[PDB]
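Participant: Here you go, one structure.
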Amino acid sequence: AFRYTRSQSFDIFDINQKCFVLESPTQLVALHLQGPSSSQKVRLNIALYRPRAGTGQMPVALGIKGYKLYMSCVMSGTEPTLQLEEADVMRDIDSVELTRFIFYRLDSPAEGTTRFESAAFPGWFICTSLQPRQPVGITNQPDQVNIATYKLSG
């Protein structure tokens with residue numbers, strides 16, 4: 001279904017200038033990182049795929065640069081959930097199972113902004129809370145009492 005083409009490292013902030021930090025090995029949080037801290041801003045190793053809903057055609061995997069993790073969407077209980085998984089770089093995404101790692105990168109080129117829609121859970125988008133120091137998650141109500149819009153810089 002998808003084959004790896006290349007990876008590129010990006011800084012990422014949400015539209016309210018929160019960045020990501022790895023709060024614990026399986027949870028990203030979003031916060032305004034101000035002044036100096038011990039807390040280290042997350043960068044993304046964005047792996048671009050080629051194919052061999054509302055889903056637009058830059059399929060990508062999102063690697064948490066320097067932590068050897070990739071974002072995934074899976075069901076937890078009965079609810080779609082964003083999680084972080086220890087995973088190596090995947091050359092082939094060729095199963096429903098592996099599609100958990102794929103998001104469609106949706107750029108608004110005019111505006112320089114980006115949304116990320118799950119391939120495994122179409123209609124679900126990576127989101128942050130309006131409040132700082134809360135988990136990064138997924139929502140089927142993007143940008144409705146959450147933030148699902150980002151600015152990436154390479």
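Chains: A, B, ... in order of the structure tokens. Residues: from 1 per chain. Ligands: from 1, in order shown.
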Do you have, as CSV, the list of residues of range 26-76 of chain A lying at most 6 Å from range 103-108 of chain A, each with its nearest atom pair and that distance in Å to one decimal, counting only C-alpha atoms and ordered by chain then number?

Facilitator:
```
residue,atom,partner,partner_atom,distance
A:56,CA,A:104,CA,5.7
A:58,CA,A:105,CA,5.4
A:59,CA,A:104,CA,4.5
A:60,CA,A:103,CA,5.3
```

Participant: Can you write just those residues out, N, CA and C atoms, as a JSON list (two decimals), in the first residue's frame?

Facilitator:
```json
[["chain", "number", "residue", "atom", "x", "y", "z"],
["A", 56, "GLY", "N", -5.55, 13.30, 1.97],
["A", 56, "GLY", "CA", -4.74, 13.99, 0.94],
["A", 56, "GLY", "C", -3.21, 13.84, 0.91],
["A", 58, "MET", "N", -0.07, 13.33, 0.73],
["A", 58, "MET", "CA", 1.24, 13.21, 1.26],
["A", 58, "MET", "C", 1.03, 12.28, 2.44],
["A", 59, "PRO", "N", 1.12, 10.96, 2.19],
["A", 59, "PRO", "CA", 1.11, 10.09, 3.36],
["A", 59, "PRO", "C", 2.45, 10.07, 4.04],
["A", 60, "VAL", "N", 2.44, 10.20, 5.34],
["A", 60, "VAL", "CA", 3.68, 10.33, 6.13],
["A", 60, "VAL", "C", 3.60, 9.47, 7.39]]
```

Participant: I'd like the neighbourhood of residue 136 in chain A as a list in words, where a residue qualifies if any of its atoms comes within 6 Å (using only C-alpha atoms), though same-chain residues fewer than 6 positions away should be ignored.

Facilitator: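 The residues that qualify are residues 28, 29, 127 and 128 of chain A.
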
Participant: From the options A:26, A:54, A:146, A:45, which residue's atoms come nearest to residue 86 in chain A, counting only C-alpha atoms?

Facilitator: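 Using only C-alpha atoms, residue 86 in chain A sits closest to A:26.
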
Participant: Give the answer as one residue: which of A:31, A:98, A:22, A:143 has the shortest atom-to-atom distance to residue 66 in chain A, using only C-alpha atoms?

Facilitator: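 Smallest separation from residue 66 in chain A among the options: A:22.
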
Participant: Apply DSSP to the backbone of this structure and, from range 23-128 of chain A, keep only the residues in helix (DSSP H, G or I); write these as a PyMOL selection string.

Facilitator: chain A and resi 98-101

Participant: With N, CA and C atoms retained, export the selected residues as a PDB file, in the first residue's frame.

Facilitator:
```
ATOM      1  N   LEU A  98      -0.241  -1.960   9.949  1.00  0.00           N
ATOM      2  CA  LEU A  98       0.854  -0.992   9.796  1.00  0.00           C
ATOM      3  C   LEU A  98       0.344   0.398   9.406  1.00  0.00           C
ATOM      4  N   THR A  99      -0.852   0.459   8.826  1.00  0.00           N
ATOM      5  CA  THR A  99      -1.460   1.750   8.487  1.00  0.00           C
ATOM      6  C   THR A  99      -1.662   2.645   9.734  1.00  0.00           C
ATOM      7  N   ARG A 100      -1.605   2.043  10.907  1.00  0.00           N
ATOM      8  CA  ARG A 100      -1.660   2.822  12.178  1.00  0.00           C
ATOM      9  C   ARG A 100      -0.622   3.927  12.231  1.00  0.00           C
ATOM     10  N   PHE A 101       0.518   3.760  11.530  1.00  0.00           N
ATOM     11  CA  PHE A 101       1.579   4.761  11.515  1.00  0.00           C
ATOM     12  C   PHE A 101       1.419   5.888  10.499  1.00  0.00           C
TER      13      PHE A 101
END
```

Participant: So that I can check the surroundings of residue 15 in chain A, please list as a PyMOL selection string every protein, DNA and RNA residue that reaches within 9 Å of it, counting only C-alpha atoms and ignoring chain neighbours fewer than 5 positions away.

Facilitator: chain A and resi 113+147-151

Participant: Write the residues of the preceding selection, restricted to N, CA and C atoms, as a PDB file, in the first residue's frame.

Facilitator:
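again.pdb, freshly written:
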```
ATOM      1  N   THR A 113       0.282  26.486   6.882  1.00  0.00           N
ATOM      2  CA  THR A 113      -0.174  25.652   8.000  1.00  0.00           C
ATOM      3  C   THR A 113      -0.447  24.238   7.554  1.00  0.00           C
ATOM      4  N   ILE A 147      -6.799  22.395  19.261  1.00  0.00           N
ATOM      5  CA  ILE A 147      -6.033  22.904  18.131  1.00  0.00           C
ATOM      6  C   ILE A 147      -5.588  21.690  17.281  1.00  0.00           C
ATOM      7  N   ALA A 148      -5.866  21.745  15.992  1.00  0.00           N
ATOM      8  CA  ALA A 148      -5.463  20.679  15.072  1.00  0.00           C
ATOM      9  C   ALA A 148      -4.697  21.262  13.892  1.00  0.00           C
ATOM     10  N   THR A 149      -4.185  22.485  14.076  1.00  0.00           N
ATOM     11  CA  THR A 149      -3.484  23.218  13.019  1.00  0.00           C
ATOM     12  C   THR A 149      -2.091  23.561  13.533  1.00  0.00           C
ATOM     13  N   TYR A 150      -1.077  23.306  12.662  1.00  0.00           N
ATOM     14  CA  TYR A 150       0.336  23.395  13.025  1.00  0.00           C
ATOM     15  C   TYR A 150       1.104  24.204  11.997  1.00  0.00           C
ATOM     16  N   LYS A 151       2.271  24.653  12.422  1.00  0.00           N
ATOM     17  CA  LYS A 151       3.220  25.285  11.528  1.00  0.00           C
ATOM     18  C   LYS A 151       4.516  24.465  11.633  1.00  0.00           C
TER      19      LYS A 151
END
```

Participant: Between CA of residue 38 in chain A and CA of residue 133 in chain A, measure the distance and give it in Å to one decimal.

Facilitator: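 It comes out at 15.0 Å.
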
Participant: For residue 43 in chain A, please output as an MDAnalysis selection string all residues within 12 Å (counting only C-alpha atoms; exclusion window: fewer than 2 positions along the same chain).

Facilitator: chainID A and resid 8:13 19:22 28 40:41 45:46 62:70 152:154

Participant: Could the residues in this selection be saved with N, CA and C atoms as a PDB file, in the first residue's frame?

Facilitator:
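Saved the output as out.pdb:
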```pdb
ATOM      1  N   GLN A   8      12.554  13.825   6.411  1.00  0.00           N
ATOM      2  CA  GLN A   8      13.013  15.193   6.624  1.00  0.00           C
ATOM      3  C   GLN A   8      12.655  15.597   8.033  1.00  0.00           C
ATOM      4  N   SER A   9      13.559  16.314   8.690  1.00  0.00           N
ATOM      5  CA  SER A   9      13.359  16.747  10.072  1.00  0.00           C
ATOM      6  C   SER A   9      12.692  18.100  10.033  1.00  0.00           C
ATOM      7  N   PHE A  10      11.698  18.314  10.911  1.00  0.00           N
ATOM      8  CA  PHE A  10      10.974  19.597  11.008  1.00  0.00           C
ATOM      9  C   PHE A  10      10.830  20.040  12.456  1.00  0.00           C
ATOM     10  N   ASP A  11      10.860  21.346  12.719  1.00  0.00           N
ATOM     11  CA  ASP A  11      10.312  21.839  13.975  1.00  0.00           C
ATOM     12  C   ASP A  11       8.800  21.929  13.804  1.00  0.00           C
ATOM     13  N   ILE A  12       8.081  21.791  14.898  1.00  0.00           N
ATOM     14  CA  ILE A  12       6.630  21.909  14.840  1.00  0.00           C
ATOM     15  C   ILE A  12       6.112  22.703  16.047  1.00  0.00           C
ATOM     16  N   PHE A  13       5.143  23.582  15.772  1.00  0.00           N
ATOM     17  CA  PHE A  13       4.410  24.293  16.812  1.00  0.00           C
ATOM     18  C   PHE A  13       2.951  24.260  16.435  1.00  0.00           C
ATOM     19  N   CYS A  19       4.757  24.003  21.700  1.00  0.00           N
ATOM     20  CA  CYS A  19       5.574  22.957  21.090  1.00  0.00           C
ATOM     21  C   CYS A  19       5.279  21.632  21.809  1.00  0.00           C
ATOM     22  N   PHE A  20       5.806  20.542  21.260  1.00  0.00           N
ATOM     23  CA  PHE A  20       5.697  19.222  21.890  1.00  0.00           C
ATOM     24  C   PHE A  20       6.927  18.940  22.784  1.00  0.00           C
ATOM     25  N   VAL A  21       6.686  18.265  23.908  1.00  0.00           N
ATOM     26  CA  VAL A  21       7.750  17.649  24.701  1.00  0.00           C
ATOM     27  C   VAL A  21       7.324  16.238  25.040  1.00  0.00           C
ATOM     28  N   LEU A  22       8.290  15.340  25.233  1.00  0.00           N
ATOM     29  CA  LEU A  22       7.996  13.988  25.620  1.00  0.00           C
ATOM     30  C   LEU A  22       7.943  13.939  27.142  1.00  0.00           C
ATOM     31  N   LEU A  28       3.263  12.446  24.564  1.00  0.00           N
ATOM     32  CA  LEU A  28       3.659  13.769  24.220  1.00  0.00           C
ATOM     33  C   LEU A  28       2.691  14.699  24.888  1.00  0.00           C
ATOM     34  N   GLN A  40      13.175  19.396  26.634  1.00  0.00           N
ATOM     35  CA  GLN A  40      13.787  19.417  25.314  1.00  0.00           C
ATOM     36  C   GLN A  40      12.664  19.325  24.273  1.00  0.00           C
ATOM     37  N   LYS A  41      12.576  20.338  23.419  1.00  0.00           N
ATOM     38  CA  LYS A  41      11.538  20.432  22.394  1.00  0.00           C
ATOM     39  C   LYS A  41      11.643  19.267  21.441  1.00  0.00           C
ATOM     40  N   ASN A  45      10.774  13.677  12.692  1.00  0.00           N
ATOM     41  CA  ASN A  45      11.395  13.099  11.494  1.00  0.00           C
ATOM     42  C   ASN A  45      10.198  12.650  10.692  1.00  0.00           C
ATOM     43  N   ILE A  46       9.839  13.427   9.675  1.00  0.00           N
ATOM     44  CA  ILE A  46       8.642  13.132   8.897  1.00  0.00           C
ATOM     45  C   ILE A  46       9.024  12.261   7.705  1.00  0.00           C
ATOM     46  N   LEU A  62       5.253   9.856  11.376  1.00  0.00           N
ATOM     47  CA  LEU A  62       5.779  10.889  12.238  1.00  0.00           C
ATOM     48  C   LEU A  62       6.694  10.326  13.325  1.00  0.00           C
ATOM     49  N   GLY A  63       7.977  10.490  13.122  1.00  0.00           N
ATOM     50  CA  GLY A  63       8.982   9.983  14.051  1.00  0.00           C
ATOM     51  C   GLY A  63       9.300  11.093  15.054  1.00  0.00           C
ATOM     52  N   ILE A  64       9.443  10.709  16.318  1.00  0.00           N
ATOM     53  CA  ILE A  64       9.812  11.615  17.404  1.00  0.00           C
ATOM     54  C   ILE A  64      11.322  11.626  17.443  1.00  0.00           C
ATOM     55  N   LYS A  65      11.906  12.643  16.805  1.00  0.00           N
ATOM     56  CA  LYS A  65      13.336  12.681  16.484  1.00  0.00           C
ATOM     57  C   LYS A  65      14.172  12.534  17.774  1.00  0.00           C
ATOM     58  N   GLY A  66      15.070  11.563  17.698  1.00  0.00           N
ATOM     59  CA  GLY A  66      16.022  11.257  18.763  1.00  0.00           C
ATOM     60  C   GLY A  66      15.534  10.344  19.875  1.00  0.00           C
ATOM     61  N   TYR A  67      14.284   9.916  19.782  1.00  0.00           N
ATOM     62  CA  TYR A  67      13.689   9.050  20.771  1.00  0.00           C
ATOM     63  C   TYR A  67      13.300   7.659  20.251  1.00  0.00           C
ATOM     64  N   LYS A  68      13.460   7.417  18.947  1.00  0.00           N
ATOM     65  CA  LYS A  68      13.253   6.093  18.343  1.00  0.00           C
ATOM     66  C   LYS A  68      11.790   5.623  18.496  1.00  0.00           C
ATOM     67  N   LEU A  69      10.869   6.609  18.433  1.00  0.00           N
ATOM     68  CA  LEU A  69       9.458   6.377  18.516  1.00  0.00           C
ATOM     69  C   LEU A  69       8.794   6.912  17.233  1.00  0.00           C
ATOM     70  N   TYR A  70       7.645   6.324  16.908  1.00  0.00           N
ATOM     71  CA  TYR A  70       6.733   6.800  15.870  1.00  0.00           C
ATOM     72  C   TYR A  70       5.325   6.923  16.444  1.00  0.00           C
ATOM     73  N   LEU A 152       4.952  23.960  10.502  1.00  0.00           N
ATOM     74  CA  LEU A 152       6.182  23.186  10.407  1.00  0.00           C
ATOM     75  C   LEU A 152       7.250  24.070   9.785  1.00  0.00           C
ATOM     76  N   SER A 153       8.470  23.924  10.275  1.00  0.00           N
ATOM     77  CA  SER A 153       9.621  24.622   9.693  1.00  0.00           C
ATOM     78  C   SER A 153      10.770  23.631   9.487  1.00  0.00           C
ATOM     79  N   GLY A 154      11.278  23.548   8.259  1.00  0.00           N
ATOM     80  CA  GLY A 154      12.405  22.672   7.959  1.00  0.00           C
ATOM     81  C   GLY A 154      13.648  23.532   7.995  1.00  0.00           C
TER      82      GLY A 154
END
```

Participant: Among range 2-152 of chain A, which residues does DSSP mark as strand (DSSP E or B) when it is run on the backbone? Keep the chain and numbering as in the structure and answer as a PyMOL selection string.

Facilitator: chain A and resi 2-14+19-24+27-31+43-51+59-64+69-76+79-86+92-93+102-108+113-118+125-128+134-135+137-139+147+150-152

Participant: What is the CA of residue 121 in chain A to CA of residue 74 in chain A distance in Å?

Facilitator: 8.2 Å

Participant: Rounded to one decimal place, report the CA of residue 85 in chain A-CA of residue 61 in chain A distance in Å.

Facilitator: 11.8 Å

Participant: Need to verify the contact set: residue 117 in chain A, 7 Å, only C-alpha atoms, exclusion of same-chain residues closer than 2 positions in sequence. Can you return it as a PDB file with N, CA and C atoms, in the first residue's frame?

Facilitator:
```pdb
ATOM      1  N   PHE A 103      -0.234   9.004   8.493  1.00  0.00           N
ATOM      2  CA  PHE A 103      -1.092  10.182   8.509  1.00  0.00           C
ATOM      3  C   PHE A 103      -1.029  10.864   7.183  1.00  0.00           C
ATOM      4  N   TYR A 104      -2.113  11.535   6.819  1.00  0.00           N
ATOM      5  CA  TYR A 104      -2.030  12.402   5.655  1.00  0.00           C
ATOM      6  C   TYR A 104      -1.692  13.810   6.110  1.00  0.00           C
ATOM      7  N   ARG A 105      -0.578  14.311   5.591  1.00  0.00           N
ATOM      8  CA  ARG A 105      -0.141  15.635   5.828  1.00  0.00           C
ATOM      9  C   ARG A 105      -0.921  16.547   4.910  1.00  0.00           C
ATOM     10  N   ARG A 115      -2.399  20.277   8.780  1.00  0.00           N
ATOM     11  CA  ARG A 115      -3.134  19.369   9.650  1.00  0.00           C
ATOM     12  C   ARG A 115      -2.617  17.962   9.365  1.00  0.00           C
ATOM     13  N   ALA A 119      -4.595   7.919   8.706  1.00  0.00           N
ATOM     14  CA  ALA A 119      -5.025   6.990   7.653  1.00  0.00           C
ATOM     15  C   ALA A 119      -5.841   5.802   8.198  1.00  0.00           C
ATOM     16  N   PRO A 122      -9.750   7.599   9.444  1.00  0.00           N
ATOM     17  CA  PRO A 122     -10.095   8.739   8.620  1.00  0.00           C
ATOM     18  C   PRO A 122     -11.116   9.645   9.365  1.00  0.00           C
ATOM     19  N   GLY A 123     -10.958  10.977   9.260  1.00  0.00           N
ATOM     20  CA  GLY A 123     -11.791  11.931  10.027  1.00  0.00           C
ATOM     21  C   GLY A 123     -11.210  12.319  11.356  1.00  0.00           C
ATOM     22  N   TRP A 124     -10.111  11.682  11.742  1.00  0.00           N
ATOM     23  CA  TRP A 124      -9.439  11.951  13.007  1.00  0.00           C
ATOM     24  C   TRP A 124      -8.110  12.620  12.755  1.00  0.00           C
ATOM     25  N   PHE A 125      -7.861  13.666  13.530  1.00  0.00           N
ATOM     26  CA  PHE A 125      -6.719  14.575  13.335  1.00  0.00           C
ATOM     27  C   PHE A 125      -5.949  14.747  14.602  1.00  0.00           C
ATOM     28  N   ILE A 126      -4.631  14.865  14.476  1.00  0.00           N
ATOM     29  CA  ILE A 126      -3.780  15.104  15.619  1.00  0.00           C
ATOM     30  C   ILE A 126      -4.087  16.469  16.215  1.00  0.00           C
TER      31      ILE A 126
END
```

Participant: Excluding residue 48 in chain A and its own-chain neighbours fewer than 2 positions away, which residues fall within 6 Å of it when counting only C-alpha atoms? Please give them as a list in words.

Facilitator: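 Here the answer would be residues 5, 6, 7 and 60 of chain A.
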
Participant: Excluding same-chain residues fewer than 5 positions from residue 52 in chain A, what lies within 8 Å of it counting only C-alpha atoms, as a VMD selection string?

Facilitator: chain A and resid 1 to 3

Participant: Name the closest residue to residue 79 in chain A among the candidates A:27, A:34, A:139, A:16; distances are taken between atoms, counting only C-alpha atoms.

Facilitator: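 Answer, going by the shortest atom-to-atom distance: A:139.
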
Participant: Find, counting only C-alpha atoms, the residue in A:138, A:30, A:120, A:87 that gets nearest to residue 42 in chain A.

Facilitator: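 Among the listed residues, A:30 lies closest to residue 42 in chain A.
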